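Peer 1: Structure: entry.cif, mmCIF, C-alpha atoms.
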data_work
#
loop_
_atom_site.label_atom_id
_atom_site.label_comp_id
_atom_site.auth_asym_id
_atom_site.auth_seq_id
_atom_site.Cartn_x
_atom_site.Cartn_y
_atom_site.Cartn_z
CA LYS A 1 -13.50 -13.52 -16.38
CA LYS A 2 -11.74 -13.39 -12.87
CA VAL A 3 -10.53 -9.75 -13.38
CA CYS A 4 -8.77 -7.93 -10.48
CA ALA A 5 -10.82 -5.35 -8.50
CA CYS A 6 -9.11 -2.09 -9.68
CA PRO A 7 -10.35 1.56 -9.95
CA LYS A 8 -11.77 3.33 -13.09
CA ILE A 9 -8.84 5.84 -13.20
CA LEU A 10 -7.17 6.43 -16.60
CA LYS A 11 -3.48 5.97 -15.51
CA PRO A 12 -2.07 3.55 -18.18
CA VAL A 13 1.47 2.03 -18.13
CA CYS A 14 3.82 0.20 -20.54
CA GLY A 15 4.20 -3.49 -19.52
CA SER A 16 7.50 -5.41 -19.96
CA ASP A 17 5.85 -7.42 -22.82
CA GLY A 18 5.03 -4.04 -24.58
CA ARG A 19 1.26 -4.23 -23.84
CA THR A 20 -0.88 -1.38 -22.41
CA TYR A 21 -3.38 -1.85 -19.53
CA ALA A 22 -5.77 0.39 -17.46
CA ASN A 23 -3.28 1.09 -14.58
CA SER A 24 -0.56 -0.41 -12.29
CA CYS A 25 -3.22 -2.36 -10.25
CA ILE A 26 -4.29 -4.44 -13.29
CA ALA A 27 -0.77 -4.61 -14.80
CA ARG A 28 0.73 -6.11 -11.56
CA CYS A 29 -2.23 -8.56 -11.18
CA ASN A 30 -1.71 -9.76 -14.81
CA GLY A 31 1.74 -11.09 -13.61
CA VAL A 32 3.95 -8.45 -15.41
CA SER A 33 6.23 -5.50 -14.44
CA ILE A 34 6.06 -1.96 -15.91
CA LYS A 35 8.86 -0.35 -18.01
CA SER A 36 7.35 3.20 -17.95
CA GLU A 37 4.17 5.30 -17.37
CA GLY A 38 1.62 5.97 -20.19
CA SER A 39 0.60 3.66 -23.09
CA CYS A 40 3.46 2.05 -25.07
CA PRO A 41 4.00 2.78 -28.85
CA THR A 42 3.08 0.11 -31.50
CA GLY A 43 6.59 0.45 -33.11
CA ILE A 44 6.86 3.39 -35.61
#
Just give me the structure as structure tokens.

Peer 2:
Amino acid sequence: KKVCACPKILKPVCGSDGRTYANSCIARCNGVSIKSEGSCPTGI
């Protein structure tokens, strides 16, 4: 449970794996880059 200290702000991003996280602060700390802003689609 050693989660990064990030803010409550709803600013999600699409990770390079295709996952969605809270914001850039958590996404970067998880060891991944971002491909775009907003949540990523599940694959329609």

Peer 1: Using the chain letters and numbering of this document, enumerate as a PDB file with C-alpha atoms, keeping the file's coordinate frame the residues selected by the PyMOL selection byres ((chain A and resi 4) around 12).

Peer 2:
ATOM      1  CA  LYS A   1     -13.500 -13.520 -16.380  1.00  0.00           C
ATOM      2  CA  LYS A   2     -11.740 -13.390 -12.870  1.00  0.00           C
ATOM      3  CA  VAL A   3     -10.530  -9.750 -13.380  1.00  0.00           C
ATOM      4  CA  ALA A   5     -10.820  -5.350  -8.500  1.00  0.00           C
ATOM      5  CA  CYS A   6      -9.110  -2.090  -9.680  1.00  0.00           C
ATOM      6  CA  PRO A   7     -10.350   1.560  -9.950  1.00  0.00           C
ATOM      7  CA  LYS A   8     -11.770   3.330 -13.090  1.00  0.00           C
ATOM      8  CA  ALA A  22      -5.770   0.390 -17.460  1.00  0.00           C
ATOM      9  CA  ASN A  23      -3.280   1.090 -14.580  1.00  0.00           C
ATOM     10  CA  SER A  24      -0.560  -0.410 -12.290  1.00  0.00           C
ATOM     11  CA  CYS A  25      -3.220  -2.360 -10.250  1.00  0.00           C
ATOM     12  CA  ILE A  26      -4.290  -4.440 -13.290  1.00  0.00           C
ATOM     13  CA  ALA A  27      -0.770  -4.610 -14.800  1.00  0.00           C
ATOM     14  CA  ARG A  28       0.730  -6.110 -11.560  1.00  0.00           C
ATOM     15  CA  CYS A  29      -2.230  -8.560 -11.180  1.00  0.00           C
ATOM     16  CA  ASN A  30      -1.710  -9.760 -14.810  1.00  0.00           C
ATOM     17  CA  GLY A  31       1.740 -11.090 -13.610  1.00  0.00           C
TER      18      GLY A  31
END

Peer 1: When the PyMOL selection byres ((chain A and resi 37) around 8) is applied to the file above, which residues end up in the set, as a ChimeraX atom specification?

Peer 2: /A:11-14,34-36,38-39

Peer 1: Which neighbours of residue 17 (chain A) fall inside 8 Å, counting only C-alpha atoms, when residues of the same chain fewer than 2 positions from it are skipped, and could you give them as a tab-separated table (two decimals) with C-alpha atoms, in the frame of the given file?

Peer 2:
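Printed below is out03.tsv as written:
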chain	number	residue	atom	x	y	z
A	15	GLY	CA	4.20	-3.49	-19.52
A	19	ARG	CA	1.26	-4.23	-23.84
A	32	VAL	CA	3.95	-8.45	-15.41

Peer 1: Give the centre and edge lengths of an axis-aligned box, in Å to one decimal, that holds all listed atoms of region 20-26 of chain A with 4 Å on each side, as JSON.

Peer 2:
{"center_x": -3.2, "center_y": -1.7, "center_z": -16.3, "size_x": 13.2, "size_y": 13.5, "size_z": 20.2}
